[PDB]
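The data below hold one chain only, encoded as structure tokens and taken in the form deposited without its partner chain.
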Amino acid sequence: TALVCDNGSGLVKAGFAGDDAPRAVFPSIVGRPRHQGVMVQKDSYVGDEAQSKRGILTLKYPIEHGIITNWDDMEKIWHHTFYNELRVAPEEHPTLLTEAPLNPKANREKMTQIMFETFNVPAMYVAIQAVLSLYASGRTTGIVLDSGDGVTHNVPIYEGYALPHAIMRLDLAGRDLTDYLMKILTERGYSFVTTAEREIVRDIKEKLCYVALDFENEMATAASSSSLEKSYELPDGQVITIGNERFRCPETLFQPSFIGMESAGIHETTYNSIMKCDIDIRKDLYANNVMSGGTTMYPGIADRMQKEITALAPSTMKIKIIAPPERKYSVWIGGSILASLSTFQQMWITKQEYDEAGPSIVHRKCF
């Protein structure tokens, strides 16, 4: 049986191929103590253990914007995933890994070298995350908008063919929305500065933030009453109240200039990706907008995407956003489907063909 490990910038989703949900879901964090130990305590903490002790830790994400920046810490996370969360021996399970498109080549080359030389897996494979999301939805045609913690990317696929020249990638996702919410919470006098407090702000975002259908009408509503204001209790019992910050934070996805980015919002990027595709496949792409990832879980985002793309596309086109309730795990679920296919068993990169080609084998066997 194969292991499916979706290493996001934010969460690790790991499990066994054939299952319908990841067995292990924990934050992709390494924490190290930043204070003085006085009682006669590990040197670092991974995952949920780092989250429960974050008050005395400095928390580091080894993956930023889909790119592994700390390889020593990433190896701690993979080690924790295999031996503590799944409790398997990696040397007997083929491992399917995931990646964002348009990543640096050295990223998946080092993932291959570590899987084969540190964990000694028998076979591995690196899939593109948006492609796995289309497996999860049971489709062969559609434009996938995957947005997690690090990357937002669009991959148009038609009858199982990717249009790589139409792939869009935007380094604006959940972690940038968390940083923006931290910044605009200072307007109400709430100061979150440490890495542990950034975890509190992320939890505020996941519970209170939503996408306004019309942003300017929502700003006028929040300015005329308090029907939109909600409260949130902090870990120490302090209660904070937020109003228009609830929809200003997700609005950055549609207006990246809020955080100083020049790029277009996710609706324009989806439309630009479709318009780069051949005219004869555009109608099928308009009807099959698949959303996946945690950053697509905001209340009202599919209705907003529907409205924004409808305004860009021709009036005769039927725009349909496919936002399944389980789309937070679509990449893992699709990787579980793929790794269980009998047609896929020839696609693995085995340890034998890695020894005769080195880590560059991953560039000619994986899309």
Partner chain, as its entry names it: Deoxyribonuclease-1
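Residue numbers count along the first chain shown, from 1.
If you look for the form deposited with its partner chain bound, you will not find it shown, but the lines that follow are about it.
**Student:** So in the bound PDB entry, is its partner chain close enough to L181 to count as touching (4.5 Å, heavy atoms)?
**Tutor:** Contact with its partner chain, no.
**Student:** At the 4.5 Å heavy atom threshold, is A196 in contact with its partner chain in the bound PDB entry?
**Tutor:** Close contact exists here: in the bound PDB entry, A196 approaches its partner chain to within 4.5 Å, heavy atoms only.
**Student:** Which residues in 1 to 40 have a heavy atom within 4.5 Å of its partner chain in the bound PDB entry?
**Tutor:** Those in contact are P33, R34, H35, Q36, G37, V38, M39, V40.
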